[PDB]
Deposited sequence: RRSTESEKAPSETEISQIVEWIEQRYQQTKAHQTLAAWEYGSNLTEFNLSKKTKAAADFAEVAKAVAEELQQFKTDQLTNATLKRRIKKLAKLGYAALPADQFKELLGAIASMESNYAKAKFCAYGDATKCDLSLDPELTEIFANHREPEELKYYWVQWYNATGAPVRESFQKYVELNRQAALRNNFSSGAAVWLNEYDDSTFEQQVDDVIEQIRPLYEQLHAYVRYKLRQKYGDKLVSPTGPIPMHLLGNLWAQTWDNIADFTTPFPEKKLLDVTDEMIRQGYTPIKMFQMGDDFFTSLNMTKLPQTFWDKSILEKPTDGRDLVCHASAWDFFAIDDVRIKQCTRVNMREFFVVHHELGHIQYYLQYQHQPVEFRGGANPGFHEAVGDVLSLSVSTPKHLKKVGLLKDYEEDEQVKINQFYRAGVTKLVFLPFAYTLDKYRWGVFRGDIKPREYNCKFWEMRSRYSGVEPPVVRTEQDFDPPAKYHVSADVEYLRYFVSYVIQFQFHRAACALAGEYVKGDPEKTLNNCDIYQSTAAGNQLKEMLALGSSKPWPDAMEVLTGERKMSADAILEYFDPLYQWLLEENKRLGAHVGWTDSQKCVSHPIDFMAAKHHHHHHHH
């Protein structure tokens, strides 16, 4: 047979394999927004009904050769139907336990309807009572972590079996194989080192001021930071305390909260301003199928659902939905853009076959939305839209401008790095089950300098307390994002004439790229490829480079770096930390 002959058959397998994706995807959405035993029994069926399809599509099998092997990645479909159900069953048992968790208020046993979103999320983000933050910290982990230890161990062994039947060493080889570059696990390690001098200086700064506020008894000047004081359950972002520990408080903030309240903001209003951005870039306009079938507010009926913001692609055409329990605050506003970046990416490669209907690599997907967040963060873009007015950006302000960006986005790179670095150690057998917990906190202490609020033990199993852990969702994507999103932001700040390496008062940190079609067109082209071309090619269409480069982000925070170096010295603050003793064996 000729080239077209083999291609004439794949297209017949493209659709047949693409329909059961939507069936399995739609059934996954039902259980995603309506946690019911009935919906779980239907999600796993469409999955099993799908695995039967992928299993058969494999044996039945330049662009061509890619498809013949890009459509056969079983994933977990290599296991027998009984083990396939057993794997997804253990996973859902963790995600279910994660989204259904409810808690009793601190000091009130009669009120026991508190949930992660909104109560717990906003308690940590705004309460400055240590004993309270600690109480909710233990309650959250003892409820979402250890109770699913047994289900997790089952999920691991089957994830490893699937990796073997797919011809791989362990689960780690799978997630890494997604980036298709044996020299990538080492690339990441290199970038973290390039970031360590900056993060530690910022870490020391935060710790000292956290010691100012709460006192020395609660914050050791030489030990890791109690993570429950960083305004976030997982300490992945410290934005919720940026104002609480700001360099110069007698300055203008960038909360953009009350001015969202004053101007009567609604969850739908926010998403509109997001659609308003992509359109200005000559990109896709948010369709109506999204306005209808999406969930942009926590349902006030009482069902059980996964409030963890997400964006879905049911394949087919133009059916894009976002499930986010939105609230009125600046933090949520950026969460929207991250989800919209996922929706946009769907609309760009929807004209591709089922194989190439995905981002170049997991990093691109997560990065898209945050790239706009970089421009929105700027006062320039916030000043255009009333949210930000009378903002006399001084030199100090630009420090707070660089500071917030650090405690918000910089501290997240070490966090995202440790997550997958740990799971890889569990898949590769480097972490025995008898030491699951204290090896996790050992990494969190080493690479982020934060420790639990109370002494944990191996009886506890805290990793599942993170959504992505209980849901089996790779997190390195979020790390790669925070590295490439500055490269994209760079090549997008240059095509909008908003960045020239050296530009004094036209900084790469104040680069607002609204109404830039040239940047959009080039962005549309990269997203259009999806998984059609290797990610180096997609990497080049927009950035011009073909490798992940920390030069962008390193240039972003260098102004903050120089102020921390000079400031930590004067403040007489300690840098670095001793090992954490908050986990015993």
Study note, to complete from the structure: Per the record, deposited positions without any C-alpha are 1-9, 71-80, 605-621
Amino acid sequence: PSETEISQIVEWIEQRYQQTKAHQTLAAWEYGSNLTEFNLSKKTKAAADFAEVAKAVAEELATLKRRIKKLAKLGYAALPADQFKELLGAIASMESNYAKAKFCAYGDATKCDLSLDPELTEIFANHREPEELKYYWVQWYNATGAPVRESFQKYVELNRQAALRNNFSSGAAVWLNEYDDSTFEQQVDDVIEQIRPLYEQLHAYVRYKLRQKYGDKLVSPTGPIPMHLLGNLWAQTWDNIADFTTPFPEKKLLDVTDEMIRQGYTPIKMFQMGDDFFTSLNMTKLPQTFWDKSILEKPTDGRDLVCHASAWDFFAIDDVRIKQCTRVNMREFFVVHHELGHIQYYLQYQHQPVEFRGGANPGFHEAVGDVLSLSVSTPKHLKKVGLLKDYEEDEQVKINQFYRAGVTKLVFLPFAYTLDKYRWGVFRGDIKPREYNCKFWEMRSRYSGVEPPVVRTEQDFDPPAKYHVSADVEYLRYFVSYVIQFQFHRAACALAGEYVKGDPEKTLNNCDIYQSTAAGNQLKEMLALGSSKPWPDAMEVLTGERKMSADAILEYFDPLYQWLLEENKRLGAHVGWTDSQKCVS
From here on, numbers count along this sequence of modelled residues.
**Study point:** Stretch with the higher entry mean CA B-factor, where the candidates are 517-525 and 552-560
**Key:** 517-525
Check your understanding: Hey, which bit's got the bigger mean C-alpha B factor in the entry, 35-43 or 62-70?
Key -> 62-70
Study note, to complete from the structure: Comparing C-alpha B-factors across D430, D117, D319, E129 in this entry, the winner is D319
Revision key, fill the gap. Listed options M94, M270, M283, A125: highest C-alpha B factor recorded at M283
Practice item. Select lowest, middle or highest to describe the third in which the CA B-factor of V575 falls within its chain in this entry. Key: lowest
Exercise for review: Could you tell me which third, lowest, middle or highest, the C-alpha B-factor of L410 occupies within its chain?
Suggested key: lowest
Review point. Would the CA B-factor of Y265 place it in the lowest, middle or highest third of its chain?
Key: middle
**Study point:** CA B-factor ranking of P379, expressed as a third of its chain
**Key:** middle
Revision key, fill the gap. The third of the chain into which the C-alpha temperature factor of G359 falls is the highest
